[PDB]
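First, one chain by itself: the form deposited in one PDB entry, in structure tokens.
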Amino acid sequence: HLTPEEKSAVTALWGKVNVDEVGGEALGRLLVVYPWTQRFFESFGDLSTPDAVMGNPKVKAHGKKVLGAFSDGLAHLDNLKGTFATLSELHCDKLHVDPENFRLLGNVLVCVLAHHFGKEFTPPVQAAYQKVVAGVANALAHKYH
């Protein structure tokens, strides 16, 4: 739940996000900044150095997948649980990703937005996206709860 000014800011800035190098930059930085997340992607090959991760095609392609889900959820703001239900049980039941890593990826995404948009990603715009990423992270952790 958020104000229409937040709804406008979150959608206007997401319209500038292309196509996507942001998805790969976020998944990449999660594997770099928090290396324990690499275990879930052991079949992606080399992830030994930050460059190996950023230059990984399997990471880049999977990056496109994760950011695509965010875009889907950004339309279905009012119902985040039903939208991410088909993905919550995946990560929960047998993939076994600790729900803290959901909040880490959300925050890393927010860092990528600040990196790519700069001064455009103003503090009230960050605040709006925070409510969104907390939402997505909670929606992807409903199956554990």
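Under this definition, the rigid core comprises the largest set of C-alpha atoms superposing within 1.5 Å between the forms. The numbering used is simple: start at 1 and walk along the sequence shown.
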Checklist entry - Is the mean CA B factor in the deposited entry higher across 128-136 or across 9-17? => result 9-17
Next on the checklist: Using only C-alpha atoms and the B-factors in the entry, which stretch averages higher, 26-34 or 91-99?
Outcome noted: 91-99
Checklist entry - When the CA B-factors of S43, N107, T49, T83 are compared as recorded in the entry, which is the largest? => result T83
Checklist entry - Which third of the chain does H62 land in by C-alpha B-factor: lowest, middle or highest? => result middle
Item to check | Cα B factor band for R39 (lowest, middle or highest third within the chain) | outcome: lowest
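The next section is about a form of this same protein that is not shown, the form deposited in another entry.
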Checklist entry - Of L113, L80, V32, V59, which one has a Cα that moves 2 Å or more between this form and the one not shown once the core is lined up? => result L80
Next on the checklist: Once both forms sit on the same rigid core, is the C-alpha displacement of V97 at or above 2 Å between this form and the one not shown?
Outcome noted: no
Checklist entry - Does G68 move its CA by 2 angstroms or more between this form and the one not shown when the core is aligned? => result yes
Item to check | Pairwise C-alpha change, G106 versus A75, in the other form against this form - closer or farther, 3 angstroms or more | outcome: closer
Checklist entry - So the C-alpha spacing of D72 and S43 changes by 3 Å or more in the other form; is that change toward closer or farther than shown? => result farther
